[PDB]
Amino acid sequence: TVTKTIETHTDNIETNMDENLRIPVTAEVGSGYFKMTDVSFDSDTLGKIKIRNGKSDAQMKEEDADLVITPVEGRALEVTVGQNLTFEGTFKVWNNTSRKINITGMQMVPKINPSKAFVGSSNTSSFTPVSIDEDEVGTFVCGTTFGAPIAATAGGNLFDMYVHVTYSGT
């Protein structure tokens, strides 16, 4: 039956939806946090995505988007703020999609500055994968530890956080 084959394809195509979301972030010196700016964009794979600071779970659901991302300053990562070695990028996301979504990876890339330089010290990130069911809000704990203190000088605290999102699931 072509009808059931097409239905199968629909499901398989959905399971094949992959995406490395790029979120520009700022390691705010003395805060232990990676800050992200409110933005709205469209992904050919994930649809409408909106980053919204300071939203409670309920407020997130009022947003018109497929996915809403809200950073959380809950200190899910232990850090000595004054050292400026480890920064937390933890955020929660509301899955306003018809299928369970999975956040399973993160990489912190130093931004190349106008002088064509970038912070090249050791860069080691960690995170806790999370699967979020339809309409639910889940938290993706993540962060990065650098081999040398982060400073705002020469755009040294600017990064692009890439988060791997997938509808596959295990």
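The first residue of the shown sequence is 1; numbering continues from there.
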Higher avg CA temperature factor (39-47 vs 138-146, as deposited) belongs to 39-47
Assert higher mean C-alpha B factor (27-35 or 58-66, deposited values) equals 58-66
Assert third(CA B-factor, residue 72) within chain per record equals middle
By the entry's values, the third containing the CA B factor of residue 81 is the middle
For residue 114, the third of its chain by CA B-factor is the highest
Residue 121: CA B-factor among chain residues, third -> middle
Entry-reported C-alpha B-factor of residue 53 relative to its chain, by third, is highest
